[PDB]
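Peer 1: My structure is stored as protein33.txt, with compact mmCIF, C-alpha atoms.
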# COMPACT_ATOMS: atom_id res chain seq x y z
CA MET A 29 16.66 14.80 0.48
CA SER A 30 15.39 13.46 -2.81
CA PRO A 31 15.22 13.69 -6.66
CA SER A 32 12.50 15.36 -8.70
CA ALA A 33 9.58 13.42 -10.09
CA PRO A 34 10.05 12.04 -13.62
CA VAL A 35 8.98 14.32 -16.49
CA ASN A 36 7.88 13.72 -20.06
CA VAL A 37 6.49 10.30 -19.24
CA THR A 38 5.27 8.90 -22.56
CA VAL A 39 3.76 5.62 -23.76
CA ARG A 40 5.13 4.21 -27.00
CA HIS A 41 4.84 1.04 -29.08
CA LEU A 42 1.38 0.51 -27.61
CA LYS A 43 0.01 -2.93 -28.52
CA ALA A 44 -3.12 -4.87 -27.64
CA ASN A 45 -1.38 -6.65 -24.76
CA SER A 46 1.72 -4.57 -24.10
CA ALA A 47 3.25 -1.10 -24.06
CA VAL A 48 6.52 0.66 -23.26
CA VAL A 49 6.78 3.63 -20.88
CA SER A 50 9.51 6.27 -21.15
CA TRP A 51 10.48 9.30 -19.12
CA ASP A 52 13.19 11.79 -18.34
CA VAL A 53 14.59 13.02 -15.09
CA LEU A 54 16.09 16.40 -14.26
CA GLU A 55 19.14 15.06 -12.41
CA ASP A 56 20.69 12.18 -14.38
CA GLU A 57 23.67 12.20 -12.00
CA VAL A 58 21.51 11.23 -9.00
CA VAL A 59 18.94 8.76 -10.41
CA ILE A 60 19.89 5.11 -9.92
CA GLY A 61 16.52 3.52 -10.60
CA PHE A 62 12.77 3.79 -10.88
CA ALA A 63 9.48 2.48 -9.51
CA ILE A 64 6.36 2.15 -11.66
CA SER A 65 2.72 1.52 -10.64
CA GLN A 66 0.18 0.08 -13.01
CA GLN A 67 -3.55 -0.39 -12.58
CA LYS A 68 -6.56 -0.42 -14.87
CA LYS A 69 -8.85 2.60 -14.91
CA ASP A 70 -11.30 0.09 -13.36
CA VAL A 71 -8.79 -0.69 -10.60
CA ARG A 72 -8.50 -4.23 -9.29
CA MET A 73 -5.12 -5.86 -10.00
CA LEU A 74 -2.16 -3.63 -8.99
CA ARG A 75 1.21 -4.22 -10.67
CA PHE A 76 4.46 -2.72 -9.38
CA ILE A 77 7.84 -2.75 -11.15
CA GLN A 78 11.07 -1.44 -9.64
CA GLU A 79 14.60 -1.54 -11.05
CA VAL A 80 17.66 -0.18 -9.33
CA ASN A 81 21.33 0.21 -10.27
CA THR A 82 20.42 0.90 -13.90
CA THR A 83 20.57 3.87 -16.28
CA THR A 84 17.37 2.91 -18.11
CA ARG A 85 14.68 5.42 -19.06
CA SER A 86 11.99 2.97 -20.20
CA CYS A 87 10.06 0.04 -18.86
CA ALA A 88 7.95 -2.47 -20.77
CA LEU A 89 4.51 -3.52 -19.52
CA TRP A 90 3.40 -6.97 -20.60
CA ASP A 91 0.25 -9.07 -20.44
CA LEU A 92 -2.01 -6.04 -20.58
CA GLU A 93 -5.73 -6.34 -21.22
CA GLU A 94 -6.98 -5.61 -24.74
CA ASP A 95 -9.24 -2.61 -25.38
CA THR A 96 -8.56 -1.45 -21.84
CA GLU A 97 -7.57 1.82 -20.14
CA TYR A 98 -4.59 2.01 -17.77
CA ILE A 99 -3.02 4.49 -15.41
CA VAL A 100 0.71 4.38 -14.82
CA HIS A 101 2.79 6.48 -12.44
CA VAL A 102 6.56 6.68 -12.51
CA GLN A 103 8.87 7.57 -9.62
CA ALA A 104 12.63 8.14 -9.57
CA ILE A 105 14.95 6.42 -7.09
CA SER A 106 18.10 8.03 -5.74
CA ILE A 107 20.72 6.58 -3.38
CA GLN A 108 19.47 9.00 -0.72
CA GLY A 109 15.75 8.86 -1.40
CA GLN A 110 12.89 8.71 -3.86
CA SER A 111 10.88 11.29 -5.80
CA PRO A 112 7.16 12.05 -5.83
CA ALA A 113 5.00 10.39 -8.46
CA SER A 114 5.24 11.78 -11.97
CA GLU A 115 2.00 12.98 -13.53
CA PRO A 116 -0.29 10.03 -14.29
CA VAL A 117 -0.02 8.75 -17.83
CA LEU A 118 -3.25 7.36 -19.23
CA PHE A 119 -3.73 5.12 -22.19
CA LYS A 120 -5.88 2.46 -23.69
CA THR A 121 -4.86 -0.72 -25.40
CA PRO A 122 -5.95 -1.51 -29.00
CA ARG A 123 -8.36 -4.35 -29.81
CA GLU A 124 -7.24 -7.99 -30.15
CA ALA A 125 -6.85 -8.80 -33.84
CA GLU A 126 -9.41 -10.92 -35.70
CA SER B 30 1.58 -17.22 8.90
CA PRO B 31 2.25 -17.36 5.06
CA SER B 32 4.69 -19.94 3.85
CA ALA B 33 7.42 -19.51 1.22
CA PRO B 34 6.26 -20.42 -2.31
CA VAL B 35 7.51 -23.86 -3.44
CA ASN B 36 8.11 -25.66 -6.76
CA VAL B 37 9.47 -22.45 -8.22
CA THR B 38 10.37 -23.31 -11.79
CA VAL B 39 11.26 -21.61 -15.06
CA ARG B 40 9.37 -22.66 -18.21
CA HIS B 41 9.08 -21.58 -21.88
CA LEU B 42 12.73 -20.70 -21.48
CA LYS B 43 13.72 -18.70 -24.53
CA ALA B 44 16.57 -16.49 -25.63
CA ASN B 45 14.89 -13.34 -24.34
CA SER B 46 12.05 -14.62 -22.15
CA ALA B 47 10.78 -17.09 -19.60
CA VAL B 48 7.90 -17.89 -17.31
CA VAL B 49 8.36 -18.45 -13.58
CA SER B 50 5.82 -20.65 -11.78
CA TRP B 51 5.26 -21.67 -8.18
CA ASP B 52 2.81 -23.32 -5.81
CA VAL B 53 1.88 -22.06 -2.35
CA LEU B 54 0.86 -24.15 0.66
CA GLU B 55 -2.05 -21.86 1.53
CA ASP B 56 -4.06 -20.84 -1.50
CA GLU B 57 -6.73 -19.30 0.71
CA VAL B 58 -4.63 -16.48 2.22
CA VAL B 59 -2.58 -15.63 -0.90
CA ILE B 60 -3.44 -12.57 -3.01
CA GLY B 61 -0.31 -11.85 -5.06
CA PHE B 62 3.42 -12.24 -5.38
CA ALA B 63 6.78 -10.50 -5.41
CA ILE B 64 9.49 -11.73 -7.77
CA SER B 65 13.14 -10.74 -7.40
CA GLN B 66 15.25 -10.92 -10.63
CA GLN B 67 18.96 -10.27 -11.31
CA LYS B 68 21.78 -11.72 -13.37
CA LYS B 69 24.26 -14.07 -11.73
CA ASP B 70 26.77 -11.35 -12.70
CA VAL B 71 24.90 -8.83 -10.53
CA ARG B 72 24.20 -5.36 -11.79
CA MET B 73 20.63 -4.17 -12.26
CA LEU B 74 18.27 -5.39 -9.50
CA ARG B 75 14.69 -5.88 -10.69
CA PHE B 76 11.69 -6.34 -8.40
CA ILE B 77 8.14 -7.14 -9.52
CA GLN B 78 4.86 -7.52 -7.64
CA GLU B 79 1.18 -8.02 -8.33
CA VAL B 80 -1.53 -7.62 -5.73
CA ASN B 81 -5.10 -8.96 -6.03
CA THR B 82 -4.31 -11.70 -8.49
CA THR B 83 -4.89 -15.41 -8.49
CA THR B 84 -2.00 -16.09 -10.90
CA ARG B 85 0.69 -18.66 -10.15
CA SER B 86 3.08 -17.49 -12.84
CA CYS B 87 4.86 -14.43 -14.09
CA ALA B 88 6.48 -13.89 -17.44
CA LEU B 89 9.94 -12.32 -17.58
CA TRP B 90 10.60 -10.48 -20.82
CA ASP B 91 13.57 -8.82 -22.51
CA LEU B 92 16.20 -11.16 -21.13
CA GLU B 93 19.66 -11.23 -22.67
CA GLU B 94 20.45 -14.45 -24.48
CA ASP B 95 23.05 -16.91 -23.19
CA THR B 96 22.89 -15.30 -19.75
CA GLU B 97 22.48 -16.63 -16.22
CA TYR B 98 19.80 -15.20 -13.99
CA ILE B 99 18.69 -15.75 -10.42
CA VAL B 100 15.10 -15.35 -9.29
CA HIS B 101 13.00 -16.04 -6.23
CA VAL B 102 9.36 -15.61 -5.34
CA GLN B 103 7.61 -14.25 -2.34
CA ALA B 104 3.90 -14.75 -1.67
CA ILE B 105 1.78 -11.71 -0.86
CA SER B 106 -1.06 -12.67 1.48
CA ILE B 107 -3.78 -11.22 3.67
CA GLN B 108 -1.47 -12.02 6.62
CA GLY B 109 1.59 -10.15 5.36
CA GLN B 110 4.38 -11.25 3.02
CA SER B 111 5.99 -14.67 2.98
CA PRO B 112 9.67 -15.24 3.27
CA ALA B 113 11.28 -15.79 -0.15
CA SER B 114 11.19 -19.09 -1.98
CA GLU B 115 14.49 -20.88 -2.49
CA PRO B 116 16.44 -19.04 -5.25
CA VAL B 117 16.38 -20.43 -8.80
CA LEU B 118 19.32 -20.15 -11.22
CA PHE B 119 18.62 -20.48 -14.94
CA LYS B 120 20.28 -19.65 -18.22
CA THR B 121 18.80 -18.32 -21.42
CA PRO B 122 19.59 -20.22 -24.68
CA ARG B 123 21.34 -18.53 -27.57
Would you encode the structure as structure tokens?
Peer 2:
Amino acid sequence: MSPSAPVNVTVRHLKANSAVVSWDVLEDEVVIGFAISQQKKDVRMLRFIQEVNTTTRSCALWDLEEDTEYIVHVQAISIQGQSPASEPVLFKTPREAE
Amino acid sequence: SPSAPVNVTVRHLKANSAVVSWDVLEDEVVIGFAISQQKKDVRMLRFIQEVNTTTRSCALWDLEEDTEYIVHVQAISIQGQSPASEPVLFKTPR
């Protein structure tokens, strides 16, 4: 069996080249990690981050493109399995300062 | 068949961040990488990968100061994934 997809996935502290992703899970007692997928709306480069044996509920994304739209999906990892993708979170980075 | 990345090194070593770099023996078949990251005092296991990129480096952010970490790199190629580079142990300043 497996955990439920992550809920309330939000994007905070969104900067020109970085952002932080947060979420919640329904079963905190079963979730040991997470897997995140990142790709630009204009897909090309695909970035994947996974962390296990942690209690974290946020993951930073660095070296993002300025004035660019991204699509991130979060998944929850259990000791027995993994959950389906959360709902896609979409966002766009601010412009580079001049 | 894809060869393990070599010359894996840590640069711009800072209290909370660093950059890992490597070279590969077959630039032509390589399209990405997989980096494994953990503390020497194992707890949280972090795994990163990028596909369809020509980069030869990856920044590691939000590291704890005065802490030892162990990382290794794997090449992602059009002929599968390489075995892992030799592990690299480094310590963040204070």
Peer 1: May I have the residues within 6 Å of region 63-73 of chain A as a list in words, using only C-alpha atoms and disregarding those fewer than 5 positions away in the same chain?
Peer 2: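 Here the answer would be residues 78, 97, 98, 99, 100, 101, 102 and 103 of chain A; 80 and 81 of chain B.
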Peer 1: Restrict the distance test to only C-alpha atoms, flag each residue of chain B within 7 Å of chain A, and return the flagged residues as a list in words.
Peer 2: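 The complete set of qualifying residues is residues 72, 73, 74, 75, 76, 77, 78, 79, 80, 81 and 82 of chain B.
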Peer 1: Of the candidates B:39, B:87, B:102, B:47, which shows the shortest atom-to-atom distance to residue 64 (chain B), using all atoms listed in the file?
Peer 2: B:102
Peer 1: Please compute the CA of residue 107 (chain B)-CA of residue 58 (chain B) distance, one decimal, in Å.
Peer 2: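 The value is 5.5 Å.
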Peer 1: Residue 33 (chain A): which residues within 6 Å, counting all atoms listed in the file, same-chain residues fewer than 2 positions away excluded, as a JSON list (two decimals) with C-alpha atoms, in the coordinates of the input?
Peer 2:
[["chain", "number", "residue", "atom", "x", "y", "z"],
["A", 103, "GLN", "CA", 8.87, 7.57, -9.62],
["A", 111, "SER", "CA", 10.88, 11.29, -5.80],
["A", 112, "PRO", "CA", 7.16, 12.05, -5.83],
["A", 113, "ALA", "CA", 5.00, 10.39, -8.46],
["A", 114, "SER", "CA", 5.24, 11.78, -11.97]]
Peer 1: Which is closest to residue 33 (chain B) among B:85, B:101, B:120, B:68, if we use only C-alpha atoms?
Peer 2: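 Ranking B:85, B:101, B:120, B:68 by distance to residue 33 (chain B), first place goes to B:101.
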